[PDB]
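What follows is a set of notes on a single structure, which appears directly below.
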Amino acid sequence: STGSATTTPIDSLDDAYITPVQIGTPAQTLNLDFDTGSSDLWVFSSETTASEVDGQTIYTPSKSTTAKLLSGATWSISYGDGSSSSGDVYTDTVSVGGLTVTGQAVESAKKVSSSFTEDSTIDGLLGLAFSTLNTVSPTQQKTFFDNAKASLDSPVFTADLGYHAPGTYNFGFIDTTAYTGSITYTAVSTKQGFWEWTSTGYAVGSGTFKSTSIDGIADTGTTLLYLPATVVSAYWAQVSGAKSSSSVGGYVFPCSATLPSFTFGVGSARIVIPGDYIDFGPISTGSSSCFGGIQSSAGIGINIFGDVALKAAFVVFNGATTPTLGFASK
């Protein structure tokens, strides 16, 4: 089997991407944030504290003839950005782009943090990291991909995120029309539960390539590109007037600037992030200070190849017995 679904930016900055997901019988369609940095499929629901729901579409398990309470199971998650959610668990039928999994754990939120409430466009998350990170207790549950894997034509999914435009998540096949040149594959460590890999270096604009190993995670659920402070300083030094602002929480730059590109290495291959992908717009409405899309990972504890990086590529998440990651230009 295969599946193919369009993923759509939630706003004009590409702050996140939402993909429609069918849950239950009859189908209840929710728009979920596909997150290769976590491993829980959780949704706003009829059980979510009413004051914490503000415009989201909810899953109502009592209206699904295929929903079953997973007795005694609870979940609770905290994300790198400080947001969180928790609740109980149902199993139900879940379909993405025509690919159906029966008995998928659907984690129903009883509580969500303010950041989730305040974002009316995201109805929940669909985790695509390794199932070892799933938070369900006392019996850990599998991700949608893990459940689907054996049935897929090939045990892969691909992320093709757009810049200020829709893109695609495919399951079970590689669309050879969706990229240019070849896909370069690179090793993955699953030791921390992530799609963790090592970039071979970087360049700023038309500058020389610096060969240096940068360990990090391919994370569709993180907006920005978080890299070591040395790398980030080298980038922003090429933008007149850019500076790190402790008050704002990262590098800012004059909105009048033209940003240079940023290149990262995948083996001997190179992925070029155009400068415009690195512009996250005014820090507040009407400001002429703009927020940068490349930020320091210092104090995160891990480098993160978030959407800024991934949207410059066609990315293969290869879930073979020994997982690997592939990157192609597009």
Side-chain angles (χ1 to χ4, degrees), residues 1-7 14 17 19 34 36-37 97 99 128-130 145 148 152-190 194-220 222 225 227 231 260-278 293-294 303-330:
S1 61
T2 64
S4 180
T6 299
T7 192
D14 299 346
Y17 298 78
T19 309
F34 282 24
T36 63
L99 170 65
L128 292 168
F130 294 88
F145 178 56
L152 295 177
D153 291 358
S154 179
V156 306
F157 68 91
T158 64
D160 179 9
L161 303 179
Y163 167 66
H164 291 358
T168 305
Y169 282 102
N170 290 330
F171 292 82
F173 72 106
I174 287 161
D175 179 359
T176 62
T177 73
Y179 57 87
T180 61
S182 51
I183 306 176
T184 295
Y185 290 86
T186 196
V188 164
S189 172
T190 64
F194 301 122
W195 294 91
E196 187 171 2
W197 64 290
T198 302
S199 173
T200 49
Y202 70 97
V204 175
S206 61
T208 62
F209 187 85
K210 176 71 171 183
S211 290
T212 182
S213 295
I214 305 170
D215 293 343
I217 66 168
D219 186 359
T220 58
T222 290
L225 174 53
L227 293 172
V231 178
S261 64
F262 184 88
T263 300
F264 63 94
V266 182
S268 55
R270 305 290 180 253
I271 299 295
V272 180
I273 305 171
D276 295 339
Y277 290 26
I278 298 159
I294 295 177
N303 300 304
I304 307 172
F305 294 88
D307 298 335
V308 164
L310 302 183
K311 77 184 162 199
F314 177 88
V315 187
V316 181
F317 294 79
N318 170 26
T321 304
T322 300
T324 65
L325 272 170
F327 293 82
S329 294
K330 65 187 185 191

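Hydrogens, waters and symmetry mates play no part in the numbers below; they use all other heavy atoms, side chains included. The first residue of the sequence shown is numbered 1, and numbering continues consecutively from there.
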Within the structure provided, determine whether [X] and [Y] are in side-chain contact (heavy-atom separation under 4.5 Å).
{"X": "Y17", "Y": "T220", "answer": "no"}
{"X": "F327", "Y": "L310", "answer": "yes"}
{"X": "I271", "Y": "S329", "answer": "yes"}
{"X": "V204", "Y": "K210", "answer": "no"}
{"X": "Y163", "Y": "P274", "answer": "no"}
{"X": "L152", "Y": "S1", "answer": "yes"}
{"X": "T2", "Y": "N170", "answer": "no"}
{"X": "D14", "Y": "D307", "answer": "no"}

Distance in Å, [X] [atom1] paired with [Y] [atom2], rounded so as to fall on 0.5 Å steps:
{"X": "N303", "Y": "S199", "atom1": "CG", "atom2": "OG", "answer": "9.5 Å"}
{"X": "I217", "Y": "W197", "atom1": "CD1", "atom2": "CH2", "answer": "12.0 Å"}
{"X": "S189", "Y": "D215", "atom1": "OG", "atom2": "CG", "answer": "8.5 Å"}
{"X": "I278", "Y": "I294", "atom1": "CD1", "atom2": "CD1", "answer": "3.5 Å"}
{"X": "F314", "Y": "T177", "atom1": "CZ", "atom2": "OG1", "answer": "8.5 Å"}
{"X": "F317", "Y": "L325", "atom1": "CZ", "atom2": "CG", "answer": "5.5 Å"}

Check for a donor-acceptor pair, side chain of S4 on one end and backbone N or O of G97 on the other, with a separation under 3.5 Å.
no
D219 (side chain) donor-acceptor with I304 (main chain) under 3.5 angstrom:
no
Taking all non-hydrogen atoms of both residues, which atom of [X] and which atom of [Y] are closest, and how far apart?
{"X": "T184", "Y": "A269", "value": "OG1-CB, 3.4 Å"}
{"X": "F173", "Y": "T158", "value": "O-CG2, 4.0 Å"}
{"X": "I273", "Y": "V308", "value": "CG2-O, 3.7 Å"}
{"X": "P166", "Y": "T6", "value": "CB-CG2, 3.8 Å"}
{"X": "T36", "Y": "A129", "value": "O-CB, 3.3 Å"}
{"X": "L99", "Y": "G3", "value": "CB-CA, 3.8 Å"}

Applying side chain to side chain contact (heavy atoms under 4.5 Å, CB included), run through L225 and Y277 and close with a yes or a no.
CA-CA 10 Å; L225 174 53; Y277 290 26; over 6 Å; no
Ring-plane angle category for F305 and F264, please: parallel below 30°, perpendicular beyond 60°, tilted otherwise.
tilted
Name the orientation class of the two ring planes belonging to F145 and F157 (parallel below 30°, tilted from 30 to 60°, perpendicular beyond 60°).
perpendicular
Going by the salt bridge (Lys or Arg N to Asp or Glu O under 4.0 Å) test, which pairs reach into residues 319-330, not counting sequence neighbours?
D160-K330
